[PDB]
Amino acid sequence: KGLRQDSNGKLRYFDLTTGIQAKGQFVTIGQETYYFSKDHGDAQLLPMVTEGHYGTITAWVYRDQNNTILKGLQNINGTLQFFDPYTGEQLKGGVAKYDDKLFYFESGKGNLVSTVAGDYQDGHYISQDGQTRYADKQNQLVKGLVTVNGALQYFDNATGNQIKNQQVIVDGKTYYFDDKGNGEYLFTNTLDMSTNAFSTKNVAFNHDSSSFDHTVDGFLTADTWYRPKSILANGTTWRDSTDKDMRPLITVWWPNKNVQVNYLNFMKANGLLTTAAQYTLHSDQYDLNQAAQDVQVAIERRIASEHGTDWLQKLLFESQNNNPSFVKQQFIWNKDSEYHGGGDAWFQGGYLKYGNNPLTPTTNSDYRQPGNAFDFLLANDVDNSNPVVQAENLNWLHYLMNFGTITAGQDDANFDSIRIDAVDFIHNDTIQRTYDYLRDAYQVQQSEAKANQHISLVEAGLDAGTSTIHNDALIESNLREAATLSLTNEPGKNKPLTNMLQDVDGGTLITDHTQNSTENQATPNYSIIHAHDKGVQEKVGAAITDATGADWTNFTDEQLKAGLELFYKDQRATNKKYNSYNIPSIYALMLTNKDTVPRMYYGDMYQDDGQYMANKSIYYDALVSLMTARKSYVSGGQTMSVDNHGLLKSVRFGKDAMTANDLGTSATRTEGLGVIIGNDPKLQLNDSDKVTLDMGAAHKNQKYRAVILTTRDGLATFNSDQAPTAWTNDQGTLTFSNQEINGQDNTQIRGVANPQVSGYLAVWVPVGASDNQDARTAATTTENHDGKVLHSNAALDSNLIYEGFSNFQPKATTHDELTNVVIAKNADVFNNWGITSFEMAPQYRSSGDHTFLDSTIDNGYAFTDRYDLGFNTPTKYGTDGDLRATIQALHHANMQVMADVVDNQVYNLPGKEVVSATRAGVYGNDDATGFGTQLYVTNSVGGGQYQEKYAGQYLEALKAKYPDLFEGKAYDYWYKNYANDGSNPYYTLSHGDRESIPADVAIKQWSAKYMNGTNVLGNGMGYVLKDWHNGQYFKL
Ligand SMILES: OC[C@H]1O[C@H](OC[C@H]2O[C@H](OC[C@H]3O[C@H](O)[C@H](O)[C@@H](O)[C@@H]3O)[C@H](O)[C@@H](O)[C@@H]2O)[C@H](O)[C@@H](O)[C@@H]1O
Ligand SMILES: OC[C@H]1O[C@H](O)[C@H](O)[C@@H](O)[C@@H]1O
Ligand SMILES: [Ca+2]
Ligand code: NA
């Protein structure tokens, strides 16, 4: 019966539905909020506070009309809040005492949402019958919803067992308790539905799909409209519904009390309810339900006047006044309930991992195992463990490796080799099976002659254990990381150059430079300093954010232009804020070190403030001189040491001389070279000190000339013997000092700071090379017996890879500026530098969707249709015709051409499905968050025209030609183990067994059953509608 006076005139409250008296609680009645005492249940009016503003102190506070700071409990704008009785500081995510009871104030807005049974500081946790429990000061188990050392926690009432990683309903409120048992309020549940005659008319007409819309896979969403049994025409006259009548579900049913309350308040604010009544989480459910029915009256009147429901679509489901829509204002329907971020959420706010549910047969999977160290990274994660997907990956690989043959009958327009993008993020079985395809197709395992015609690489170091077990592909050396410790930093911030003497990945030796006189011992590797991503994309990103405020993954053509201006001006200065120091030095190491394939980065030679190859960097001439000299001179053994002045001294002996005492051939005399590098721009030698290079026994009493000398303003570069000269002594030693040699400028050793060097750099070669001297070693057809595909020897070291793009290239404004056009035109330039393998950008059409950097600058890594390499309209790089022509031109200039194989993910799939989801990080690890595990509407279905045309088209032919690829197979791989006690990671030999795969199922469009998961989409934990009282999903 509601608010009732007793025989002494005091007010008491009885629940309008149950008749149960309110004691120790707050209730909003009409306009007022009261507290009812826990003893007799007597009313205390809590005065509505209306004027005032939320402020701060040197901590939120609230200030009244006089600007005074409020203390204790306060009824502000239909919520109850608590402010410290002295500080005035607002309580958020904690308890306060009132009427000698504990009430909890939630962490988002500090609103009173519940009662807590007790507050504990002085007990202790115990473990008991395999659970965690908490004992009070009397050693008595504590039960229920409590705070403990300030954390909200829950102990099962029957047993005392602590609840961890669960959503729990307690006294009609829903909370989540994390992996440590620490809790947060989520929402207040509705009590129960109006079961009146009015409500029975609002019931769905039937459970057919025709009666509901904005559904996905038979599930309802927050957007769903439905056909009720009856309609209250114009607010007054019930009639049967027709097939044309639809109303929003959310005008009649709410997932929780917060949304129902917000709904009433929103509708009142938009003129659909005339009342002074206040609607709060302490309103009686009966009154909330009646109010919603009165709103319907006003809704139906406006439907009659307007002859339609479009106004109502806009009112609830679109932004009005640049506010989010009503739906998006609600916690359970926006990203707040998805708990984005965390240390393992590397991109896009983190991830949702797909699982199974009896209600989702079409999105369930028996697979989804990561089969590698990482799992998620970007967009829609492909499930490379699924056998159908493994076959598709073979199909696509075949396509790329025969691209010209397939698309135009042009057999000289095919890719020769691959890069495996994000190799550690895809299942090992698909990597292994890929390598078998290359063995089948090209017989790479047979000899270095075959392997070296198809030099592939992966985006990882020694961690890529399927690529290192049989060295099927190059892995990245540690040069980049080492150089980032000792060379790239500003003065005062580099470590000593002694870290350059050995190439070590987490304590495992890749190669030792100090006295390297052997062959086929090092792990075949590539060496870099920069790539399109590595050491670049976040520094440009930082200049873009500084010059314009834009976020590094999402900006305009015009903000980028501004960032790039600042970036190149900084690149060209001695004192650099965004740019690496000592870039030519690092290249000198890359280009002279033994047992590596160097990879040149396009962006180190050319600037993105111009079109492709238009603007040379400040480093261009030094890098050309080094590539030139490498081709002419670099061969034989190596030595490396760091002297007492901190200088790194590196020598290559020349062809066929492996040690400093070998003579080699008469060819050796004019081969070999020496490099001196320092990282101390203030280096000064005294007048007696010498710096020596021990050129070896083939090089006694010999004239040498400079390739590179350090100058005051830069670097002097020489591509002929017309250069400053110096002589070895009768031991083959070159000697330098703080004086010029024969008065020649820049032949002395001293530290310098200028835009190209911070420390010292000089490179010296023997005088007298013939015109077209070439120090490189051809591969042989000698059969391999050791089980390895690649071998680190003079023939492999003779290769040179060029990464032929940057992320930040501008869009081409003419056909002639298109990357693919310009590459083709300049093919001979790359051949003359000694490039043997041209690594082209990923050629796939960009999704364009701006959800990551890759789909904002359209680099080819973010795509929807992996078969579309520029058909009809060009990619960023050209059309399919331009690509064929590029691959041909490169092939005619004696290069192989590398396909960037991107198996990890697909972007921007428009068709929606419902899948079970949990929050996860890059490792594929479940995150313990308030989202829990929920059915989720995913953007998972699509592909495009070329996928439809080509996917699966090759598999029956492939299985006829290479049946081994479709079988199961046992294999071995190296596995990287981490130690807990701080010592180095160590490798163990793991065994795998890939499954057999079918040839007769095509993936003509992607769908969720072939995916592991998705980046978070912001729909909310409760966008797919269910009964939150029992967890039961609505389904048609
Ligand atoms: O002028 C200050 C403030 O006024 C409105 O918001 C009122 C709001 O203020 C506090 O909390 C707001 C905000 O604080 C943290 O960021 C929370 O985590 C957020 O979820 C929360 O929205 C106060 O404690 C609340 O009780 C009160 O309702 C404006 O809307 C604010 O944006 C503005 O900053
Ligand atoms: O504080 C120490 C921890 O002890 C136990 O491990 C409990 O699970 C946890 O709630 C508590 O935080
Ligand atoms: Ca993956
Ligand atoms: Na090929």
Side-chain angles (χ1 to χ4, degrees), residues 49 52-56 59-63 70 74-83 88-94 105-113 120-121 123-128 131-135 142 146-155 160-165 177-185 323-324 329 331 334-337 346-347 351 353-354 367-386 389 393 420-428 430-431 902-906 920-922 924 928 1010-1015:
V49 174
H53 335 262
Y54 286 93
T56 193
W60 300 102
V61 296
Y62 189 97
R63 284 177 150 100
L70 304 185
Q74 295 292 338
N75 179 12
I76 301 173
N77 292 319
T79 80
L80 299 170
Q81 297 189 332
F82 185 84
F83 300 94
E89 194 194 349
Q90 190 183 16
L91 178 57
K92 303 180 93 155
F105 299 76
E106 57 71 51
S107 73
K109 285 185 184 317
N111 295 330
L112 200 161
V113 293
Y120 296 88
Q121 319 285 349
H124 55 289
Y125 292 95
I126 69 187
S127 74
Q128 185 170 65
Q131 299 278 335
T132 302
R133 304 180 180 166
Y134 184 83
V142 168
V146 290
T147 45
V148 178
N149 305 332
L152 189 73
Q153 301 209 319
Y154 186 80
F155 299 90
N161 294 345
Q162 193 175 24
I163 295 329
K164 289 177 147 155
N165 197 26
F177 296 93
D178 73 18
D179 56 345
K180 292 179 296 327
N182 298 324
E184 58 195 3
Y185 166 87
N323 298 134
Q329 298 175 21
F331 166 79
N334 71 40
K335 67 183 194 298
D336 296 351
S337 61
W346 291 6
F347 298 105
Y351 319 98
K353 170 180 165 180
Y354 299 164
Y367 290 96
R368 307 181 169 141
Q369 292 322 326
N372 216 321
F374 300 85
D375 198 12
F376 299 103
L377 192 61
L378 287 162
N380 303 278
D381 197 70
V382 179
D383 177 6
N384 295 295
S385 85
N386 181 292
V389 170
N393 293 335
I420 307 183
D421 178 76
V423 61
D424 292 344
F425 294 77
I426 76 185
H427 200 289
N428 273 313
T430 200
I431 299 167
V902 180
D903 290 326
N904 186 58
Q905 81 280 311
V906 185
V922 295
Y1010 297 131
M1011 256 56 166
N1012 288 327
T1014 182
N1015 54 300

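Hydrogens, waters and symmetry mates play no part in the numbers below; they use all other heavy atoms, side chains included. We count ligands from 1, going down the list as the structure has it; atoms in each ligand are counted the same way. Sequential numbering from 1 along the given sequence is applied to the chain's residues.
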Are any non-hydrogen side-chain atoms of [X] and [Y] less than 4.5 angstrom apart?
X: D903; Y: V382; answer: no
X: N161; Y: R133; answer: yes
X: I426; Y: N393; answer: no
X: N372; Y: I431; answer: yes

- Message: Below the 3.5 angstrom mark, is there an N/O of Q90, backbone or side chain, next to an N/O of ligand 1?
- Response: yes
- Query: When only distance counts, is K109 in polar contact with ligand 1, meaning an N/O pair under 3.5 Å?
  - Reply: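 Indeed, backbone or side chain, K109 has an N or O that close.
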- Task: Check whether any N, O or S atom of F425, backbone or side chain, sits closer than 3.0 Å to the Ca ion (ligand 3).
- Result: yes
- Query: Can you tell me if an N/O/S atom from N904 lies under 3.0 Å from the Ca ion (ligand 3)?
  - Reply: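 Yes, within the cut-off.
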- Message: Once you measure the plane-to-plane angle for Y351 and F376, does it fall in the parallel (<30°), tilted (30-60°) or perpendicular (>60°) bin?
- Response: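 Geometry flag for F376 against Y351: parallel rings.
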- Message: In terms of relative ring orientation, are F425 and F374 parallel, tilted or perpendicular, with 30° and 60° separating the classes?
- Response: parallel
Is the side chain of [X] donor-acceptor paired with the backbone N or O of [Y] at a distance under 3.5 Å, no angle test?
X: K164; Y: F177; value: no
X: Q81; Y: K109; value: yes
X: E106; Y: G108; value: yes

- State if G110 counts as touching ligand 1 under the rule of any non-hydrogen atom under 4.0 Å.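 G110 does not count as a contact of ligand 1 under the 4.0 Å cut-off.
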Considering only the protein, which heavy-atom contact is closest to [atom], and what is its distance?
atom: atom 1 (O) of ligand 1; value: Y54 O, 3.7 Å
atom: atom 17 (C) of ligand 1; value: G108 O, 3.2 Å
atom: atom 16 (O) of ligand 1; value: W60 CZ2, 4.8 Å
atom: atom 1 (O) of ligand 2; value: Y125 CE1, 4.1 Å
atom: atom 7 (C) of ligand 2; value: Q162 OE1, 3.3 Å

- Query: Which bit of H53 is near ligand 1, meaning a heavy atom under 4.0 Å away: side chain, backbone, both or neither?
  - Reply: neither
- Message: Applying the side chain to side chain contact (heavy atoms under 4.5 Å, CB included) criterion to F347, which one of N1015, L378, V922 satisfies it?
- Response: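 With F347 as partner, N1015, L378, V922 yield a single side chain to side chain contact (heavy atoms under 4.5 Å, CB included), made by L378.
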- Task: For ligand 2, find out whether one of its N or O atoms is nearer than 3.5 Å to an N or O atom of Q153.
- Result: yes
- Item | Nitrogen or oxygen atoms of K164 and ligand 2 under 3.5 Å apart |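 Yes; at least one N/O pair falls below 3.5 Å.
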- Note on the structure: Out of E106, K92, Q81, the nearest non-hydrogen contact to atom 15 (C) of ligand 1 is supplied by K92
- Task: Any atoms of ligand 2 less than 4.0 Å from a non-hydrogen atom of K180? List them with their elements.
- Result: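 Those of ligand 2 that fall under 4.0 Å from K180 are 8 (O), 9 (C), 10 (O).
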- Query: Hey, are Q153 and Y120 close enough side-chain-wise for a donor-acceptor pair under 3.5 Å?
  - Reply: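 No.
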Strictly inside 4.0 angstrom of [atom], do you find any protein heavy atom?
atom: atom 31 (C) of ligand 1; value: no
atom: atom 22 (O) of ligand 1; value: yes
atom: atom 4 (O) of ligand 1; value: no

- Message: Other residues, nucleotides and ligands only: do more than 12 of their heavy atoms fall within 6.0 Å of NZ on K335?
- Response: no
- Message: If you consider just the N/O/S atoms, which atom of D375 is the closest one to the Ca ion (ligand 3)?
- Response: O
